[PDB]
Amino acid sequence: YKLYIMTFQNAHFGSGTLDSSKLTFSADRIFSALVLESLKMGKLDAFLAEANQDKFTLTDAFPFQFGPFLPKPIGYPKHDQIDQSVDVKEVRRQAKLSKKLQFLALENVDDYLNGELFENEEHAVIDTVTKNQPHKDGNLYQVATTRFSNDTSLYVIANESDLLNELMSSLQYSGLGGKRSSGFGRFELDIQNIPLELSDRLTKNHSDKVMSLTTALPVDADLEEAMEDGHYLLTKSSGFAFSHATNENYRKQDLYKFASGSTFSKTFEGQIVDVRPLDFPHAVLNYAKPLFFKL
Amino acid sequence: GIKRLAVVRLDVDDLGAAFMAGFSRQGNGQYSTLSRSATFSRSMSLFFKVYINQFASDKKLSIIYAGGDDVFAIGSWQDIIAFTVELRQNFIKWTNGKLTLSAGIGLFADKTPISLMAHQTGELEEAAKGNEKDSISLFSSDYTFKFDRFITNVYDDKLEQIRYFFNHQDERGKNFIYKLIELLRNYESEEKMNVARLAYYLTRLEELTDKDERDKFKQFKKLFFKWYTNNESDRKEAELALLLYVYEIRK
Amino acid sequence: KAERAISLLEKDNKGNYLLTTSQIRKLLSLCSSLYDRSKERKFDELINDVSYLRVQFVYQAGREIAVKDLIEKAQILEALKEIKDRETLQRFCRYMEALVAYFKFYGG
Amino acid sequence: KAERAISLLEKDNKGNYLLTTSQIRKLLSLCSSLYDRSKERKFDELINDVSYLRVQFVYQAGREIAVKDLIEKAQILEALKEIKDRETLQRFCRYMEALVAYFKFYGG
Amino acid sequence: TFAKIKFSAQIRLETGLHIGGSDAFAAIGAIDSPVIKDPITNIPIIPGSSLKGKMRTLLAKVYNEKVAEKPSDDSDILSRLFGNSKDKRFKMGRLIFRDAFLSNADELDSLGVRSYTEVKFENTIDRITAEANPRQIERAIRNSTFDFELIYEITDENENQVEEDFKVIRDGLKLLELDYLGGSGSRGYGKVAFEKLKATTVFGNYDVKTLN
Amino acid sequence: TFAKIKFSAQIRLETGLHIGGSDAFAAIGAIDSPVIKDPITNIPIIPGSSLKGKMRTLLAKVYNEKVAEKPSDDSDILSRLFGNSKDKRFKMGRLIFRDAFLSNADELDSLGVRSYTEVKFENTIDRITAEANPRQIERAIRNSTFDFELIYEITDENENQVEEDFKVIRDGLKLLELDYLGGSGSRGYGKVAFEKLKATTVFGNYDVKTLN
Amino acid sequence: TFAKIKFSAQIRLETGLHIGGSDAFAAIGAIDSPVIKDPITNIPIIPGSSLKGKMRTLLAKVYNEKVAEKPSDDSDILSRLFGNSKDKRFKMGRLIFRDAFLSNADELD
Ligand SMILES: Nc1ncnc2c1ncn2[C@@H]1O[C@H](COP(=O)(O)OP(=O)(O)OP(=O)(O)O)[C@@H](O)[C@H]1O
């Protein structure tokens, strides 16, 4: 509906452990950031009645290098396309190149299903930095960073309103993920109006071989009915909570969701799960609002 | 030496052949019997799971996860470098030079998390396959060679030649290698201008030494200048020889 | 620039370079004292150093035979007149250092 | 300064410079003894050295024929009157060193 | 209610410093820890962790009321500007830093210099022998501007102390210039100079008057 | 409580010295190690590494109580002024030096000299032959001021010893002038001269009275 | 314990000497090696390298106990006054010289 192009430079997005880092990040990082900063501004109760309005949703961090990128379809293609049958060694060595691929181009969303295999474009390299502490037994730690290159940018698709544009205006000067108390999260928001005439297949009604993204999460009333005959991949996303009145900061429960680009068969619903381990004066919200692409 | 350590991950490259359909050469024999394909895994399991303990003896390292696919050898780099290039030599004679091999040696710091320590050394494995299949990745992702050009050129008559034709010069003599490495990198923007500056460093070392010692330094000047203007891939070989010599004797 | 300096210096006459790096320890150092001053100030201020730098080349062409055969071949006096800009003056400083490196490689 | 010193010195009469660098080993050293003293003190103090420096040029133009033909052409006596400032006096010292370099460039 | 105060300035290095980076792969022409650079290009950069770990230590020794011992547990009047994992009144840091990138390359190549990092020869005297351990370091070049932006934001409660917060930040900027910023700065390697110290707003919710 | 004492002075080199520089490229007419300078420009500057290592060596032989053997482990009465990596009572040093830069170029060009450095010819006699090893060095020009600023700061504990701290610093300044500063200075190359020795305050916390 | 002895004197040249200085460019009337002076100004000065190299040579031939051959390795009774790059008992010298500058310009003019 409306994409928000933003580029990163020397950022950090861990996945499992603080020392490790990935080029992208899950969709729950953006939703858990605007709600945390809404209380500091003075409108936490205003955004609570907006996220639960069905039409309001968010997208994952997709690369943008002279064109929007989309994840590869999980399980596609099937066992029918061999792509130039020459030898069993040449066909087997090129099948892994598509497995290590991260995102596909906007113009290759239709040619990949017909029979085409190629190596993903080199977006950025994983670089790490070292730190220590002199007045504490000389201890040290290692953390990784993400330095984009070759004009590597990202974009998130949301809904146009007169309240969301002001909440994200301060996020570019406040950090986003990783070591926020250093400067690993500052970016620049490039606002736009017209997205693209091809990337308008986002629907949530009919079910014609759709594809769920942004880590799907089925509802209790529709789990196995949409899980049978599908392609998915279980991941992992958790960590310690961040509150201001606990004196302990309890651990959030595990929420093994899916991956960006899973192909099911029917249309889900999307709910908001509440993470309450012991007791908290507030409520740890979560995204869990997957979209669908016509493919 | 230094107080660091290196991690190597020797992994077999090609695996779809010699198991599915690769024994065909004559229409007489079928070359598709299950027994002919089952003896391939048994013949290589004795070298990657049994012969590893015998070949790693009398060394300052310890093999971990000695399987038929990927291994994990950790320890001091004083013996890992002499074990990675040596293990492949025994595999070529066992296979008559029909199966390639690739790996990657990368040093790290002390008291570091093993997560990124074992993940950064694994990224060099995938980066050592952009050319074709018989490549290698040294300490970084820029040293992309063919592995066979190391023990037959770099480790043969390049890295060894410095150990007895430059060891006589110490302290004062070790004030020129740190600059020659920088000249080997700045070659795209500074092409013809860098060639003229190379003729000056070759004369500063010969003039600043003993008169009787000049007899030893008589062929290193011509061999070092020829290795700079001959091939683009040959220019990167001098950066590896000058780096392993500094890590040898120092501190 | 650096292409015509590898073949013109080799083309000489009698072998065994009699001139060493000891009798030329002034004209090679005064040119380095102008490259660092050209990047700090303008070119219209250093008009007095350019006039004195040219005299050093002509003064040495009459006291030693190993200098006349180098100025007339490398065209040292010709390059001192074409310069007029700050960027052009910096090119003459780099061209002089190229003739010194190749002079010690073939001889000394 | 240096541009007009390469064409005026060449324009002479009979070839083979009879005047050598041995008979001019006084007037070329007195000018160097004034340039180094002008940077330490002022110009109003060295008023006695300027008067004695001019007499040496006139005294040499009467004992040798190789001096009268050089003063009247290079205008040596004219430049000794236009000077009046410390910066102007330093220009005459650099102009005299230029005529010595180009003198040995063609002969000796 | 909610403003965004950005302290944009240019850090001018009047003395070449030395900060040990990661491993030795971008500058293997030394014997000790080199200076961290950019993994894509080849420009010497400085991380943002060195700006917070040094300014907080030199500031917590004059505006404190108790002998410190462990971080995030000394002088509550300034603990809300950096971070604290113990007090419930504040957790986040209201002073977001940024990696200062060398933006002096737009006019450095026109003058013609050596490169980007030099090599300095150093040693030691054991008072019993001559030269001992001929080591060497890798300092930084002189005159190199940087992009330093200090982000400051209020959180509603920040009302009857905004004017007092500017006194600590302004005093901390001039205090860093009178001290080394790097490694082995006891002999005179650091000593920065904040040039063009100005402050502007981006969101627009607080007037500018306390510029200097 | 916390003051900043800066010893601003002008080092007047009455005799050209020589310090072993890095790469031999300041002049293409030398043969040995020249003098380290600036990587960007080419102005003869002196580093601060030769000031702390020389002032402490010439001072720890009169204000000590035990024969030294290794650095950073001799005379505890002055170890807190420089630094010690072994004592747990203190680690950082309270005497920050500064790389003195040549600021005499504002009036040196008006006189008209040759350049900035000279080449002195030296050799040796083996008492059996004539000239042996025709080498050469590169000294510095005479009369060249420098910007020397000694940054001093207290840490609350500096209370009942401030008057004793200035006695060692003042004695070390006049003692350095009676000895060479640099390498190969046994023949009389160093010998500095601190001109206009004054001390001012920048932070504003300690009164000035012991100026001289 | 620790004292500073300075032998302040005035060297009066009763005979004009000649020491081969640096490059032959102090005057445009010479052809051989002149005398080293000052790079900034122009006053004839004598360095301190010629004083240590001459006083030690003429003194090590009367206060010695063995025929010398190489410098810094003859007569241990006087090696501690200048210095020795081989003995482990001492390395620095206790006789710091000084480049003598001509101070007779106050009345020569
Ligand atoms: N020691 C072994 N013996 C028999 N088979 C093996 C052994 N090691 C691995 N394999 C086979 O290799 C297969 C996995 O190969 P893999 O996909 O890792 O190769 P690859 O990484 O694609 O090779 P390349 O890097 O050249 O593309 C497994 O199915 C397994 O059967």
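Residues numbered from 1 in each chain as written, not as in the entry; some residues may be left out. Chains lettered and ligands numbered in written order. Part of a larger assembly, values for the part shown. Heavy atoms only, no water.

As stated in the entry header, the method of structure determination is cryo-EM and the reported resolution is 3.3 Å.

For the rest of this paragraph, the subject is the overall build of chain A. Tallying secondary structure elements over chain A gives six helices and eight strands in all. Traced from its N-terminal end to its C-terminal end, chain A shows the element sequence β-α-α-β-β-α-β-α-β-β-β-α-β-α. Computed over the C-alpha atoms, the radius of gyration of chain A is 20 Å, within 12% of the 19 Å expected from 2.2 N^0.38 for a compact globule of 295 residues. Here the C-alpha coordinates of chain A stretch approximately 65 × 50 × 40 Å along the principal axes. A burial count over chain A gives 44% of its 295 residues as buried. For chain A, long-range pairs separated by at least 24 residues make up 75% of all intrachain contacts whose partners lie at least 6 apart in sequence. Of the accessible surface of chain A, which amounts to about 15,800 Å², a share of 51% is contributed by carbon and sulfur atoms. Averaging the locations of the 31 positively and 40 negatively charged side chains of chain A gives two centres separated by 6 Å. (Helix = DSSP H or I, 4+ residues; strand = E, 2+ residues; numbered from the N terminus. Rg over C-alpha atoms; globule rule 2.2 N^0.38 Å. Buried < 20%, exposed > 50% of the residue type's maximum accessible area, 1.4 Å probe, protein only. Contact = heavy atoms within 4.5 Å. Areas by Shrake-Rupley, 256 points an atom, 1.4 Å probe, with all protein chains shown as cover. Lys, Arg positive; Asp, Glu negative; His and termini not counted. Charge placed at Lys NZ, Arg CZ, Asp CG, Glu CD.)

Turning next to the interface of chain F and chain B. At the interface, six residues of chain F touch seven residues of chain B. For chain F, the biggest contributors to the area lost against chain B are F:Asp23, F:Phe25 and F:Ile31; these three give 69% of the whole. Connecting chain F to chain B are zero salt bridges. Run the count over chain F and chain B and you get one residue pair in polar contact. Its residues assigned to classes, the side of chain F that touches chain B shows four nonpolar, no polar and two charged. (Buried area = accessible area lost by both parts, 1.4 Å probe. Salt bridge = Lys/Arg side-chain N within 4 Å of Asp/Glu carboxyl O. Polar contact = N/O pair within 3.5 Å; in protein donor to acceptor, adjacent residues only side chain to side chain. Nonpolar A, V, L, I, M, F, W, Y, C, P; charged D, E, K, R; others polar.)

Residues and elements named next belong to chain E. Taken in spatial order, the three strands line up as 4-1-5 in an open sheet, and their pairing is antiparallel. A single partner strand is all that each edge strand has here, and the edge strands are strand 4 (147–153) and strand 5 (194–201). Neighbouring strand axes in the sheet, compared pairwise and without regard to direction, differ in orientation by 20° on average. Bridging between strand 1 (residues 4–11) and strand 5 involves six bridges; their strand directions are antiparallel. The residue bridging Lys6 from the neighbouring strand is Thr200, located in strand 5. Running at roughly 160° to strand 5, helix 4 (residues 162–177) makes contact with strand 1, strand 4 and strand 5 of the sheet. (Pairing = 2+ DSSP bridges. Axes fitted to C-alpha atoms, helices over the stretch in contact; angles between N-to-C directions.)

A surface patch of like charges, here negative, comprises A:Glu107, A:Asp110, A:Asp111, A:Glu116, A:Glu197 and A:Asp200. Position of A:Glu197 relative to the elements: it lies in the loop between strand 8 (188–190) and helix 6 (224–227). (Patch = residues over 30% accessible without salt bridge, like charges linked within 9 Å, V, L, I, M, F, W, Y side chains within 5 Å.)

This brings us to the interface of chain E and chain F. Each partner contributes to the interface: chain E provides 31 residues, whereas chain F provides 31 residues. Buried surface at the junction of chain E and chain F, summed over both partners, amounts to about 2,700 Å²; 60% is from carbon and sulfur atoms. Together, E:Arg127, E:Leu178 and E:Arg187 form the three largest contributors to the area buried by chain E at its contact with chain F, with a combined 25%. Counting across the interface, chain E meets chain F through four salt bridges. Where F:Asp74 meets E:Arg127, a salt bridge forms, and the shortest distance between an N and an O atom there is 2.5 Å. In terms of residues, the side of chain E that touches chain F owes the most to one element, strand 2 (residues 120–124) of chain E, which gives four residues. Classifying every residue of the side of chain E that touches chain F by side-chain character gives eleven nonpolar, five polar and 15 charged.

Further remarks concern the state of the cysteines. Residues and elements named next belong to chain C. Within this structure, the stated rule accounts for zero disulfides over all chains. Sulfur of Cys93: no disulfide; nearest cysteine sulfur belongs to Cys31 and is 5.7 Å away. Residue class for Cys93 comes out buried when judged on its relative accessible area of 7%. (Disulfide = S-S within 2.5 Å.)

What follows is about unusual backbone geometry. Residue and element names in this part refer to chain A. The omega angle of the peptide bond from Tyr76 to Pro77 is 0°, so this bond is cis rather than trans. By secondary structure assignment, the location of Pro77 is in the loop between strand 3 (69–71) and helix 3 (88–99). Phi is positive for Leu295, which is not a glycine, with a value near 60°. Tracing the backbone shows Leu295 in the segment after helix 6.

As a further point, take the sheet that holds strand 7 (residues 153–158) of chain A. Residues and elements named next belong to chain A. Ordered by their spatial adjacency, four strands build an open sheet running 2-7-1-8, and the pairing between neighbours is antiparallel. Here the strands that pair on one side only, and so sit at the sheet edges, are strand 2 (62–64) and strand 8. For this sheet the average axis-to-axis angle between neighbouring strands, irrespective of direction, equals 40°.

Another point: the packing of helix 1 (residues 28–41) of chain A against helix 2 (residues 44–51) of chain A. Residue and element names in this part refer to chain A. Between helix 1 and helix 2, the least distance of the axes is 8 Å, while the angle of their chain directions is 150°. One element, helix 1, and the other, helix 2, form an angle in the roughly antiparallel class. Residues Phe31, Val35, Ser38 and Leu39 of helix 1 form the contact with helix 2, whose own contacting residues are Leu44, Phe47 and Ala51. Considered class by class, the residues forming the contact of helix 1 with helix 2 number six nonpolar, one polar and no charged. (Parallel < 35°, antiparallel > 145°, perpendicular 65-115°, else oblique.)

Our next topic: the nonpolar core. By size, the foremost hydrophobic cluster in this structure holds 126 residues, and its most contacted members are B:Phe139, B:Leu242, C:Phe57, D:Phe57 and D:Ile76. Broken down by element, the residue count for this core peaks at nine residues, all from helix 10 (residues 232–248) of chain B. Setting aside its immediate chain neighbours within four residues, B:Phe139 contacts B:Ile81, B:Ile105, B:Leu107, B:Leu124, B:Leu243, B:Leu244, B:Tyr247 and E:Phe25. F:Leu95, F:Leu102, F:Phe148 and F:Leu175 belong to the second-largest nonpolar core, a separate cluster that totals 41 residues. (Core = buried A, V, L, I, M, F, W, Y, C linked by side-chain atoms within 4.5 Å.)

As a packed pair, helix 3 (residues 47–60) of chain C and helix 6 (residues 86–101) of chain D sit with axes 8 Å apart at the nearest point and diverge in direction by 25°. Relative to helix 6 of chain D, helix 3 of chain C is oriented roughly parallel. Every pair of crossing elements has a handedness; the one defined by helix 3 of chain C and helix 6 of chain D is left-handed. Listed contacts from helix 6 of chain D to C:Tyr52, C:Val55, C:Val58 and C:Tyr59 of helix 3 of chain C are D:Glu97, D:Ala98, D:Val100 and D:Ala101. In terms of residue class, the contact of helix 3 of chain C with helix 6 of chain D is built from seven nonpolar, no polar and one charged. (Left-handed = near helix turned anticlockwise from the far one by under 90°.)

This brings us to the site of the ligand. All residues adjacent to the ligand are A:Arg92, A:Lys96, B:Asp13, B:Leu15, B:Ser41, B:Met44, B:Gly68, B:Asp69 and B:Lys129. Neighbouring residues of the ligand are not confined to one chain but are distributed across chains A and B. In the environment of the ligand, a nitrogen atom lies 3.2 Å from a nitrogen or oxygen atom belonging to the backbone of B:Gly68. Here B:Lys129 contributes a side-chain N or O atom positioned 2.3 Å from an oxygen atom of the ligand. Isolated, the ligand exposes 650 Å² of accessible area, and the fraction of that covered by the protein chains is 61%. Looking at the shell around the ligand residue by residue, the classes come out as two nonpolar, two polar and five charged. (Near = heavy atom within 4 Å.)

On to the side chain of A:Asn120. Residue and element names in this part refer to chain A. Among the secondary structure elements, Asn120 is positioned in the loop between helix 4 (112–115) and strand 5 (124–132). Taking the relative accessible area as the measure of exposure, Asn120 reaches 19% and is therefore buried. Beyond its immediate sequence surroundings of up to four residues, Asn120 is in contact with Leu101, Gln102 and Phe103.

Using the criterion set out here, one finds 49 aromatic pairs over all chains in the structure. When the ring of A:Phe8 is compared with that of A:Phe25, the centres are 6.4 Å apart and the planes differ by 25°; the resulting orientation is stacked. With A:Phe8 in the loop between strand 1 (2–7) and helix 1 and A:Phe25 in the loop between strand 1 and helix 1, this pair connects stretches of sequence that are 17 residues apart. Side by side, A:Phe8 and A:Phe25 carry an identical accessibility label, which is buried. With 5.7 Å between their ring centres and 90° between their planes, B:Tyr187 and B:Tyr228 make a pair best called edge-to-face. One end of the pair, B:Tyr187, is in the loop between helix 7 (177–185) and helix 8 (192–207); the other, B:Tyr228, is in the loop between helix 9 (220–226) and helix 10, and 41 residues separate them in sequence. According to the relative accessible area criterion, B:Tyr187 is buried, its value standing at 19%. Counting every residue linked through ring pairs, the aromatic cluster contains A:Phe8, A:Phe13, A:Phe25, A:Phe148 and A:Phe187. Between B:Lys236 and the ring centre of B:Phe145, over which it is positioned, the NZ or CZ distance is 5.8 Å. (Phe/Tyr/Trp six-rings, centres within 6.5 Å; stacked < 30°, edge-to-face > 60°. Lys NZ or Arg CZ within 6 Å of the ring centre and 35° of its normal.)

Where side chains of opposite charge bring their charged atoms close, a pairing between them can arise. Here the structure, examined in full by the defined rule, presents 53 salt bridges over all chains. Salt bridges here are not isolated pairs; linked through shared partners, they connect B:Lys179, B:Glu182, E:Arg114 and F:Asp23.

Examined against the element boundaries, E:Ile19 turns out to sit in the loop between strand 1 and helix 1 (49–59). A sequence separation of ten residues divides E:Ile19 from E:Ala9, and the C-alpha atoms of the two residues are 21 Å apart.

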